[PDB]
Structures are given as structure tokens and as C-alpha cells.
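Novice: Mind having a look at this structure? Questions to follow.
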Amino acid sequence: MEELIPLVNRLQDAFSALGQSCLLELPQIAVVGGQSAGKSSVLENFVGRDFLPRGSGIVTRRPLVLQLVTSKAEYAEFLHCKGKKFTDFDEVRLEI
């Protein structure tokens, strides 16, 4: 169809910021894998940049909603970082 993924992204974003995500958990993809499965590398190969935390033991302690949008430019933005544009993906991991 046309504009389904970006539309639901807006819905997810709208549901994300006003914490009432109990109504949510609506259709979307959830990533499940062992610590040794290397699921982090798969995601990093999608973006084409390293931006996920690395360290001994589990580093991901919060559910990460990763919304990928095709664009000519390359940057990232956090909802809790209103208006700020990240161009350094090494800064992105540190922010997470």
C-alpha cells in the first residue's frame, strides 16, 4: 500500500510520548534473540552505522523502538531530544 509504515510510526510516536502504552503493543515487529545470537549486528547492518551499545553482559535494558525512514540525508533523532539532530552515530549510542 502507500504510507502505512510512516503512518503507524506517527501513531507509535504519539503513543510513545504520553506513556499510555498499554493500549499499544498493536501490530509491529518485535526482535527476540539470545545474547549470543548477534541480533545487534543485524540491526546495525540495516542502518549501515554502528549505533547500538556494546559491553560485557546485557547492555540493552530498555525496549528500543527503531523507526527507519528512507532519506537522502543521514541523521537520527530522539523523542526525548526534541528538535535535536544527531549526525554522529557514535553520539547516538552514548545517548542511548
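Residue numbering restarts at 1 for every chain of the C-alpha cells, chains are lettered A, B, ... in their displayed order, and ligands are numbered from 1 as they appear.
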Just list the residues in chain A DSSP gives alpha helix (DSSP H) on the backbone, as a PDB file with N, CA and C atoms, in the first residue's frame.

Specialist:
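Heads up, here's the output in states_22.pdb:
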ATOM      1  N   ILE A   5       3.604   2.314   6.821  1.00  0.00           N
ATOM      2  CA  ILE A   5       4.658   2.294   7.827  1.00  0.00           C
ATOM      3  C   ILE A   5       4.899   3.680   8.446  1.00  0.00           C
ATOM      4  N   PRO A   6       5.021   4.747   7.626  1.00  0.00           N
ATOM      5  CA  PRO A   6       5.185   6.053   8.280  1.00  0.00           C
ATOM      6  C   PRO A   6       3.977   6.489   9.112  1.00  0.00           C
ATOM      7  N   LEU A   7       2.767   6.120   8.693  1.00  0.00           N
ATOM      8  CA  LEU A   7       1.552   6.489   9.426  1.00  0.00           C
ATOM      9  C   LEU A   7       1.515   5.853  10.817  1.00  0.00           C
ATOM     10  N   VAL A   8       1.828   4.561  10.880  1.00  0.00           N
ATOM     11  CA  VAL A   8       1.852   3.824  12.139  1.00  0.00           C
ATOM     12  C   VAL A   8       3.019   4.308  12.995  1.00  0.00           C
ATOM     13  N   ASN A   9       4.079   4.769  12.338  1.00  0.00           N
ATOM     14  CA  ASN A   9       5.198   5.377  13.046  1.00  0.00           C
ATOM     15  C   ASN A   9       4.722   6.598  13.824  1.00  0.00           C
ATOM     16  N   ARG A  10       3.819   7.369  13.222  1.00  0.00           N
ATOM     17  CA  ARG A  10       3.280   8.558  13.871  1.00  0.00           C
ATOM     18  C   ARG A  10       2.404   8.153  15.048  1.00  0.00           C
ATOM     19  N   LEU A  11       1.664   7.062  14.869  1.00  0.00           N
ATOM     20  CA  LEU A  11       0.801   6.535  15.918  1.00  0.00           C
ATOM     21  C   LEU A  11       1.638   6.018  17.077  1.00  0.00           C
ATOM     22  N   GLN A  12       2.694   5.284  16.741  1.00  0.00           N
ATOM     23  CA  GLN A  12       3.617   4.755  17.734  1.00  0.00           C
ATOM     24  C   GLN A  12       4.303   5.899  18.469  1.00  0.00           C
ATOM     25  N   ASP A  13       4.704   6.925  17.722  1.00  0.00           N
ATOM     26  CA  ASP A  13       5.331   8.103  18.315  1.00  0.00           C
ATOM     27  C   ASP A  13       4.350   8.818  19.237  1.00  0.00           C
ATOM     28  N   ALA A  14       3.095   8.919  18.806  1.00  0.00           N
ATOM     29  CA  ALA A  14       2.072   9.587  19.603  1.00  0.00           C
ATOM     30  C   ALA A  14       1.806   8.801  20.885  1.00  0.00           C
ATOM     31  N   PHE A  15       1.814   7.474  20.778  1.00  0.00           N
ATOM     32  CA  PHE A  15       1.584   6.608  21.933  1.00  0.00           C
ATOM     33  C   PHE A  15       2.798   6.521  22.836  1.00  0.00           C
ATOM     34  N   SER A  16       3.970   6.723  22.248  1.00  0.00           N
ATOM     35  CA  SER A  16       5.225   6.630  22.980  1.00  0.00           C
ATOM     36  C   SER A  16       5.420   7.750  23.992  1.00  0.00           C
ATOM     37  N   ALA A  17       5.085   8.975  23.599  1.00  0.00           N
ATOM     38  CA  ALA A  17       5.436  10.120  24.428  1.00  0.00           C
ATOM     39  C   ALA A  17       4.488  10.349  25.590  1.00  0.00           C
ATOM     40  N   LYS A  39      21.975 -10.365  17.436  1.00  0.00           N
ATOM     41  CA  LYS A  39      20.851  -9.610  16.898  1.00  0.00           C
ATOM     42  C   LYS A  39      21.221  -8.145  16.695  1.00  0.00           C
ATOM     43  N   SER A  40      22.170  -7.663  17.493  1.00  0.00           N
ATOM     44  CA  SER A  40      22.615  -6.277  17.417  1.00  0.00           C
ATOM     45  C   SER A  40      23.275  -5.969  16.075  1.00  0.00           C
ATOM     46  N   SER A  41      24.066  -6.915  15.580  1.00  0.00           N
ATOM     47  CA  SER A  41      24.761  -6.751  14.309  1.00  0.00           C
ATOM     48  C   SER A  41      23.793  -6.656  13.133  1.00  0.00           C
ATOM     49  N   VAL A  42      22.714  -7.431  13.191  1.00  0.00           N
ATOM     50  CA  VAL A  42      21.692  -7.422  12.146  1.00  0.00           C
ATOM     51  C   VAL A  42      21.077  -6.036  11.979  1.00  0.00           C
ATOM     52  N   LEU A  43      20.733  -5.412  13.101  1.00  0.00           N
ATOM     53  CA  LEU A  43      20.132  -4.084  13.095  1.00  0.00           C
ATOM     54  C   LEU A  43      21.115  -3.034  12.591  1.00  0.00           C
ATOM     55  N   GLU A  44      22.369  -3.157  13.016  1.00  0.00           N
ATOM     56  CA  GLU A  44      23.409  -2.215  12.620  1.00  0.00           C
ATOM     57  C   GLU A  44      23.720  -2.309  11.129  1.00  0.00           C
ATOM     58  N   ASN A  45      23.476  -3.475  10.539  1.00  0.00           N
ATOM     59  CA  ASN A  45      23.676  -3.647   9.106  1.00  0.00           C
ATOM     60  C   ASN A  45      22.528  -3.047   8.300  1.00  0.00           C
ATOM     61  N   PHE A  46      21.383  -2.851   8.950  1.00  0.00           N
ATOM     62  CA  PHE A  46      20.253  -2.195   8.302  1.00  0.00           C
ATOM     63  C   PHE A  46      20.555  -0.717   8.116  1.00  0.00           C
ATOM     64  N   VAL A  47      20.915  -0.056   9.211  1.00  0.00           N
ATOM     65  CA  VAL A  47      21.243   1.363   9.188  1.00  0.00           C
ATOM     66  C   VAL A  47      22.548   1.608   8.433  1.00  0.00           C
ATOM     67  N   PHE A  89      26.740   8.941  14.757  1.00  0.00           N
ATOM     68  CA  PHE A  89      26.125   7.724  15.274  1.00  0.00           C
ATOM     69  C   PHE A  89      26.878   7.176  16.483  1.00  0.00           C
ATOM     70  N   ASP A  90      28.100   7.655  16.690  1.00  0.00           N
ATOM     71  CA  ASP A  90      28.850   7.326  17.899  1.00  0.00           C
ATOM     72  C   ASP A  90      28.283   8.083  19.096  1.00  0.00           C
ATOM     73  N   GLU A  91      27.668   9.230  18.823  1.00  0.00           N
ATOM     74  CA  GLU A  91      26.989  10.009  19.851  1.00  0.00           C
ATOM     75  C   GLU A  91      25.632   9.390  20.175  1.00  0.00           C
ATOM     76  N   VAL A  92      25.028   8.755  19.174  1.00  0.00           N
ATOM     77  CA  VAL A  92      23.732   8.102  19.332  1.00  0.00           C
ATOM     78  C   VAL A  92      23.773   6.973  20.361  1.00  0.00           C
ATOM     79  N   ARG A  93      24.784   6.114  20.272  1.00  0.00           N
ATOM     80  CA  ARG A  93      24.937   5.021  21.229  1.00  0.00           C
ATOM     81  C   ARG A  93      25.159   5.548  22.645  1.00  0.00           C
ATOM     82  N   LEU A  94      25.932   6.623  22.772  1.00  0.00           N
ATOM     83  CA  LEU A  94      26.193   7.223  24.075  1.00  0.00           C
ATOM     84  C   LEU A  94      24.933   7.830  24.679  1.00  0.00           C
ATOM     85  N   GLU A  95      24.043   8.316  23.823  1.00  0.00           N
ATOM     86  CA  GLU A  95      22.786   8.889  24.285  1.00  0.00           C
ATOM     87  C   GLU A  95      21.842   7.791  24.764  1.00  0.00           C
TER      88      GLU A  95
END

Novice: Would you pick out the contacts of region 63-77 of chain A at 6 Å or less, using only C-alpha atoms, so that residues sharing its chain but fewer than 5 positions from it are not included, and give the list as a PyMOL selection string?

Specialist: chain A and resi 85-87

Novice: Include N, CA, C and O atoms and write out the residues we just selected as a compact mmCIF listing (two decimals), in the first residue's frame.

Specialist:
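Output below, filename result_0.txt:
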# COMPACT_ATOMS: atom_id res chain seq x y z
N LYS A 85 19.19 17.13 16.17
CA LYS A 85 19.55 16.23 15.09
C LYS A 85 20.92 15.61 15.34
O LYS A 85 21.90 16.32 15.53
N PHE A 86 20.97 14.28 15.36
CA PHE A 86 22.23 13.57 15.54
C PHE A 86 22.83 13.16 14.20
O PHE A 86 22.18 12.46 13.41
N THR A 87 24.06 13.57 13.95
CA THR A 87 24.75 13.22 12.71
C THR A 87 25.90 12.27 13.02
O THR A 87 26.44 11.62 12.12

Novice: Just how far from CA of residue 26 (chain A) is CA of residue 62 (chain A), in Å to one decimal?

Specialist: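 Spanning CA of residue 62 (chain A) to CA of residue 26 (chain A) is a straight-line distance of 18.3 Å.
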
Novice: Quick one: pull the distance between CA of residue 57 (chain A) and CA of residue 33 (chain A), Å, one decimal.

Specialist: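 Computing the Euclidean distance for CA of residue 57 (chain A) and CA of residue 33 (chain A) yields 14.4 Å.
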
Novice: Expressed in Å to a single decimal, how great is the separation between CA of residue 32 (chain A) and CA of residue 96 (chain A)?

Specialist: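 Spanning CA of residue 32 (chain A) to CA of residue 96 (chain A) is a straight-line distance of 19.3 Å.
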